[PDB]
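Engineer: Can you read through this structure? Questions will come right after.
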Amino acid sequence: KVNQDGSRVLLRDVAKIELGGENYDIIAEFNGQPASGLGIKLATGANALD
Amino acid sequence: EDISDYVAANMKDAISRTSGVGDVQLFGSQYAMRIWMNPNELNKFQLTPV
Amino acid sequence: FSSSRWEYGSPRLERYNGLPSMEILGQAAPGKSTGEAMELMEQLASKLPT
Amino acid sequence: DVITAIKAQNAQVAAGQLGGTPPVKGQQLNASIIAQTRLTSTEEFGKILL
């Protein structure tokens, strides 16, 4: 908004804006070292080793 | 936050669609524009999260 | 309330497997055929930017 | 006004939780927040304010 004064308010002024993960629930450590991973879950009656 | 985003926005999409994958559980989350509001700074300029 | 600007843009963007891609269409040669035509093109692309 | 009063009072809203997901370091309790729940009986519907 622009309140009767000429002053401007912005999302930067009202809120902390950062490029972060969409959820903060599940985190992983590989030997105590910060890391992610691709946990693959096979299809129903697929081909496994193929 | 940084690795989990890259693992999703460079690799994850190529899997889960490849050789008969049921579903992939990514160990983290891809980046999102996270806006962290402030109640007092909202109250200051007469603003609701709406 | 509106500014007016002429600006360059693509009329037909392309994506291969969820990644921005551009289709090159070519020929073998009056001498060579496919095998070398591809082999040439594969490292004519390897000597491109990162 | 009858209809409008129903979906405003007879509805289940999804509020967050105490000690959410990106928490303040040293948070001890993590409990879910319950707000408006869905009405169950003929009496509760009778008590809808217009």
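Residues are named by chain letter and number: chains run A, B, ... in the order of the structure tokens, numbers start at 1 in each chain, and ligands are numbered from 1 in the order shown.
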Counting only C-alpha atoms, which residues from chain A have an atom at most 9 Å from any atom of chain D, and could you show them as a list in words?

Structural biologist: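 Only these qualify: residues 23, 24 and 25 of chain A.
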
Engineer: Find the residues around residue 30 (chain D) up to 8 Å (only C-alpha atoms counted), leave out those fewer than 5 positions away in its own chain, and share them as a list in words.

Structural biologist: residues 17, 18, 19 and 20 of chain D

Engineer: Just list the residues in chain A DSSP gives strand (DSSP E) on the backbone, as a list in words.

Structural biologist: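 Those in chain A that DSSP calls strand (DSSP E) are residues 15, 16, 17, 18, 19, 20, 21, 29, 30, 33, 34, 38, 39, 40, 41 and 42 of chain A.
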
Engineer: Need the shell around residue 15 (chain D): protein/DNA/RNA residues with any atom at most 10 Å away, counting only C-alpha atoms. Skip same-chain ones fewer than 2 positions apart. Format as a PDB file with N, CA and C atoms, in the first residue's frame?

Structural biologist:
```pdb
ATOM      1  N   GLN D  12     -14.244 -27.002   8.094  1.00  0.00           N
ATOM      2  CA  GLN D  12     -12.976 -27.362   8.723  1.00  0.00           C
ATOM      3  C   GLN D  12     -11.815 -26.627   8.059  1.00  0.00           C
ATOM      4  N   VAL D  13     -11.228 -25.685   8.799  1.00  0.00           N
ATOM      5  CA  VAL D  13     -10.094 -24.901   8.307  1.00  0.00           C
ATOM      6  C   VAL D  13      -8.759 -25.493   8.753  1.00  0.00           C
ATOM      7  N   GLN D  17       0.721 -25.267  13.039  1.00  0.00           N
ATOM      8  CA  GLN D  17       1.099 -25.981  14.261  1.00  0.00           C
ATOM      9  C   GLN D  17       2.143 -25.225  15.082  1.00  0.00           C
ATOM     10  N   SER D  32       0.018 -29.839  17.125  1.00  0.00           N
ATOM     11  CA  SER D  32      -0.867 -29.355  16.066  1.00  0.00           C
ATOM     12  C   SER D  32      -1.949 -28.416  16.603  1.00  0.00           C
ATOM     13  N   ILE D  33      -2.363 -27.469  15.763  1.00  0.00           N
ATOM     14  CA  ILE D  33      -3.374 -26.475  16.126  1.00  0.00           C
ATOM     15  C   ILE D  33      -4.727 -26.813  15.493  1.00  0.00           C
ATOM     16  N   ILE D  34      -5.763 -26.863  16.332  1.00  0.00           N
ATOM     17  CA  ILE D  34      -7.127 -27.137  15.882  1.00  0.00           C
ATOM     18  C   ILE D  34      -7.982 -25.874  16.003  1.00  0.00           C
ATOM     19  N   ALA D  35      -8.599 -25.478  14.891  1.00  0.00           N
ATOM     20  CA  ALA D  35      -9.458 -24.297  14.854  1.00  0.00           C
ATOM     21  C   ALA D  35     -10.934 -24.693  14.748  1.00  0.00           C
ATOM     22  N   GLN D  36     -11.586 -24.287  13.657  1.00  0.00           N
ATOM     23  CA  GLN D  36     -12.994 -24.607  13.428  1.00  0.00           C
ATOM     24  C   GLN D  36     -13.152 -26.043  12.932  1.00  0.00           C
TER      25      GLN D  36
END
```

Engineer: Sorted by chain and rising residue number, which residues of chain B lie within 7 Å of chain A, and what are their closest atom pairs and distances in Å to one decimal, counting only C-alpha atoms, as CSV?

Structural biologist:
```
residue,atom,partner,partner_atom,distance
B:1,CA,A:21,CA,5.5
B:3,CA,A:36,CA,6.2
B:4,CA,A:36,CA,5.4
B:20,CA,A:43,CA,6.1
B:21,CA,A:43,CA,5.2
B:22,CA,A:43,CA,3.8
B:23,CA,A:41,CA,5.5
B:24,CA,A:40,CA,4.7
B:25,CA,A:39,CA,5.0
B:26,CA,A:38,CA,5.1
B:27,CA,A:36,CA,5.1
B:28,CA,A:27,CA,5.7
B:29,CA,A:21,CA,5.2
B:30,CA,A:21,CA,5.5
B:31,CA,A:21,CA,4.4
B:32,CA,A:22,CA,5.1
B:33,CA,A:19,CA,5.2
B:34,CA,A:18,CA,5.5
B:35,CA,A:17,CA,4.7
B:36,CA,A:16,CA,4.8
B:37,CA,A:15,CA,4.2
B:38,CA,A:15,CA,5.7
B:41,CA,A:14,CA,5.3
B:42,CA,A:14,CA,6.1
```

Engineer: Write a file of the selected residues as a JSON list (two decimals), in the first residue's frame, keeping N, CA, C and O atoms.

Structural biologist:
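Output saved as again08.json:
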```json
[["chain", "number", "residue", "atom", "x", "y", "z"],
["B", 1, "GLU", "N", 19.34, -27.34, 1.95],
["B", 1, "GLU", "CA", 18.38, -26.62, 1.11],
["B", 1, "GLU", "C", 18.89, -26.50, -0.32],
["B", 1, "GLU", "O", 18.12, -26.60, -1.28],
["B", 3, "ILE", "N", 21.39, -28.44, -1.93],
["B", 3, "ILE", "CA", 21.60, -29.72, -2.60],
["B", 3, "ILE", "C", 20.27, -30.36, -3.00],
["B", 3, "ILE", "O", 20.12, -30.84, -4.14],
["B", 4, "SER", "N", 19.31, -30.35, -2.07],
["B", 4, "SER", "CA", 17.98, -30.94, -2.29],
["B", 4, "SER", "C", 17.21, -30.28, -3.43],
["B", 4, "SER", "O", 16.38, -30.93, -4.09],
["B", 20, "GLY", "N", 10.56, -47.81, -15.51],
["B", 20, "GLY", "CA", 9.56, -48.43, -14.64],
["B", 20, "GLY", "C", 9.70, -48.11, -13.16],
["B", 20, "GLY", "O", 9.79, -49.02, -12.33],
["B", 21, "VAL", "N", 9.73, -46.82, -12.84],
["B", 21, "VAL", "CA", 9.82, -46.37, -11.46],
["B", 21, "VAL", "C", 8.42, -46.12, -10.90],
["B", 21, "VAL", "O", 7.62, -45.42, -11.53],
["B", 22, "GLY", "N", 8.14, -46.71, -9.74],
["B", 22, "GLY", "CA", 6.86, -46.50, -9.05],
["B", 22, "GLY", "C", 6.73, -45.06, -8.60],
["B", 22, "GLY", "O", 5.89, -44.31, -9.12],
["B", 23, "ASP", "N", 7.55, -44.67, -7.63],
["B", 23, "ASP", "CA", 7.63, -43.29, -7.14],
["B", 23, "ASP", "C", 8.94, -43.03, -6.40],
["B", 23, "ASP", "O", 9.38, -43.86, -5.61],
["B", 24, "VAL", "N", 9.55, -41.88, -6.67],
["B", 24, "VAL", "CA", 10.80, -41.50, -6.02],
["B", 24, "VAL", "C", 10.54, -40.59, -4.82],
["B", 24, "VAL", "O", 9.83, -39.56, -4.94],
["B", 25, "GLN", "N", 11.10, -40.97, -3.67],
["B", 25, "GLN", "CA", 11.07, -40.11, -2.49],
["B", 25, "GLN", "C", 12.38, -39.35, -2.32],
["B", 25, "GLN", "O", 13.39, -39.89, -1.86],
["B", 26, "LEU", "N", 12.35, -38.08, -2.72],
["B", 26, "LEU", "CA", 13.50, -37.18, -2.63],
["B", 26, "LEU", "C", 13.75, -36.77, -1.18],
["B", 26, "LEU", "O", 12.84, -36.31, -0.48],
["B", 27, "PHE", "N", 15.01, -36.94, -0.73],
["B", 27, "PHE", "CA", 15.39, -36.63, 0.64],
["B", 27, "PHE", "C", 15.71, -35.15, 0.84],
["B", 27, "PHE", "O", 16.87, -34.76, 1.04],
["B", 28, "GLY", "N", 14.66, -34.33, 0.78],
["B", 28, "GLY", "CA", 14.77, -32.89, 0.99],
["B", 28, "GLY", "C", 13.59, -32.17, 0.39],
["B", 28, "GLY", "O", 12.44, -32.58, 0.59],
["B", 29, "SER", "N", 13.87, -31.11, -0.36],
["B", 29, "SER", "CA", 12.84, -30.34, -1.06],
["B", 29, "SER", "C", 13.48, -29.38, -2.07],
["B", 29, "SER", "O", 14.55, -28.83, -1.81],
["B", 30, "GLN", "N", 12.81, -29.19, -3.20],
["B", 30, "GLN", "CA", 13.26, -28.20, -4.18],
["B", 30, "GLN", "C", 12.91, -26.80, -3.70],
["B", 30, "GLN", "O", 11.97, -26.62, -2.91],
["B", 31, "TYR", "N", 13.67, -25.81, -4.17],
["B", 31, "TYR", "CA", 13.50, -24.42, -3.72],
["B", 31, "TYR", "C", 12.12, -23.84, -4.00],
["B", 31, "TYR", "O", 11.45, -24.21, -4.98],
["B", 32, "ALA", "N", 11.69, -22.95, -3.11],
["B", 32, "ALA", "CA", 10.46, -22.20, -3.25],
["B", 32, "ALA", "C", 10.69, -20.78, -2.76],
["B", 32, "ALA", "O", 11.59, -20.54, -1.94],
["B", 33, "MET", "N", 9.90, -19.83, -3.25],
["B", 33, "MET", "CA", 10.02, -18.45, -2.80],
["B", 33, "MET", "C", 9.37, -18.29, -1.43],
["B", 33, "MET", "O", 8.17, -17.99, -1.32],
["B", 34, "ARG", "N", 10.17, -18.50, -0.39],
["B", 34, "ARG", "CA", 9.68, -18.48, 0.99],
["B", 34, "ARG", "C", 9.59, -17.06, 1.53],
["B", 34, "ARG", "O", 10.59, -16.35, 1.62],
["B", 35, "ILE", "N", 8.37, -16.66, 1.88],
["B", 35, "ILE", "CA", 8.10, -15.33, 2.41],
["B", 35, "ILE", "C", 7.75, -15.43, 3.89],
["B", 35, "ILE", "O", 6.67, -15.91, 4.25],
["B", 36, "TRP", "N", 8.68, -15.00, 4.74],
["B", 36, "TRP", "CA", 8.51, -15.08, 6.19],
["B", 36, "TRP", "C", 7.99, -13.76, 6.77],
["B", 36, "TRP", "O", 8.77, -12.84, 7.04],
["B", 37, "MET", "N", 6.68, -13.70, 6.96],
["B", 37, "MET", "CA", 5.99, -12.50, 7.48],
["B", 37, "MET", "C", 6.38, -12.14, 8.91],
["B", 37, "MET", "O", 6.96, -12.95, 9.64],
["B", 38, "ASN", "N", 6.03, -10.91, 9.29],
["B", 38, "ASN", "CA", 6.29, -10.39, 10.63],
["B", 38, "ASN", "C", 5.02, -9.71, 11.16],
["B", 38, "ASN", "O", 4.58, -8.72, 10.58],
["B", 41, "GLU", "N", 5.32, -5.96, 12.14],
["B", 41, "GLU", "CA", 5.55, -5.15, 10.95],
["B", 41, "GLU", "C", 4.31, -5.13, 10.05],
["B", 41, "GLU", "O", 4.10, -4.18, 9.28],
["B", 42, "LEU", "N", 3.50, -6.18, 10.15],
["B", 42, "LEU", "CA", 2.19, -6.24, 9.50],
["B", 42, "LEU", "C", 1.20, -5.32, 10.22],
["B", 42, "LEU", "O", 0.47, -4.56, 9.58]]
```

Engineer: Residues of chain B no more than 10 Å from chain C, counting only C-alpha atoms: send them over as a ChimeraX atom specification.

Structural biologist: /B:9-10,13-14,17

Engineer: So that I have them on file, write out the residues from the current selection with C-alpha atoms, as a tab-separated table (two decimals), in the first residue's frame.

Structural biologist:
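Saved result, result.tsv, follows:
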```
chain	number	residue	atom	x	y	z
B	9	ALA	CA	15.77	-29.41	-10.54
B	10	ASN	CA	18.50	-31.28	-12.47
B	13	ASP	CA	12.64	-35.20	-12.94
B	14	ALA	CA	14.63	-37.51	-15.26
B	17	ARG	CA	9.73	-41.19	-15.45
```

Engineer: Please, which residues of chain A, numbered as in this document, come out helix (DSSP H, G or I) from DSSP, as a JSON list (two decimals) with C-alpha atoms, in the first residue's frame?

Structural biologist:
```json
[["chain", "number", "residue", "atom", "x", "y", "z"],
["A", 11, "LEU", "CA", 7.19, -7.13, 1.02],
["A", 12, "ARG", "CA", 10.89, -6.61, 1.84],
["A", 13, "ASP", "CA", 9.89, -4.15, 4.58],
["A", 14, "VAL", "CA", 7.18, -6.40, 6.04]]
```

Engineer: Skip residue 48 (chain D) itself and residues of its chain fewer than 6 positions away, then list as a PDB file with N, CA, C and O atoms, in the first residue's frame all residues within 9 Å of it, counting only C-alpha atoms.

Structural biologist:
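Wrote result06.pdb, looks like this:
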```pdb
ATOM      1  N   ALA D   5     -24.056 -18.237   5.508  1.00  0.00           N
ATOM      2  CA  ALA D   5     -23.849 -18.487   6.936  1.00  0.00           C
ATOM      3  C   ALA D   5     -23.400 -19.919   7.237  1.00  0.00           C
ATOM      4  O   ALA D   5     -22.770 -20.167   8.267  1.00  0.00           O
ATOM      5  N   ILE D   6     -23.725 -20.851   6.341  1.00  0.00           N
ATOM      6  CA  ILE D   6     -23.361 -22.259   6.525  1.00  0.00           C
ATOM      7  C   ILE D   6     -21.869 -22.513   6.283  1.00  0.00           C
ATOM      8  O   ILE D   6     -21.169 -22.954   7.191  1.00  0.00           O
ATOM      9  N   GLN D   9     -19.577 -20.966   8.919  1.00  0.00           N
ATOM     10  CA  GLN D   9     -19.604 -21.498  10.284  1.00  0.00           C
ATOM     11  C   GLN D   9     -19.434 -23.019  10.345  1.00  0.00           C
ATOM     12  O   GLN D   9     -18.803 -23.540  11.271  1.00  0.00           O
ATOM     13  N   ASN D  10     -20.001 -23.720   9.360  1.00  0.00           N
ATOM     14  CA  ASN D  10     -19.835 -25.169   9.237  1.00  0.00           C
ATOM     15  C   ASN D  10     -18.744 -25.507   8.217  1.00  0.00           C
ATOM     16  O   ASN D  10     -19.027 -25.747   7.036  1.00  0.00           O
TER      17      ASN D  10
END
```

Engineer: Rounded to one decimal in Å, what is the spacing between CA of residue 12 (chain C) and CA of residue 26 (chain C)?

Structural biologist: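 Between these atoms lies a distance of 19.4 Å.
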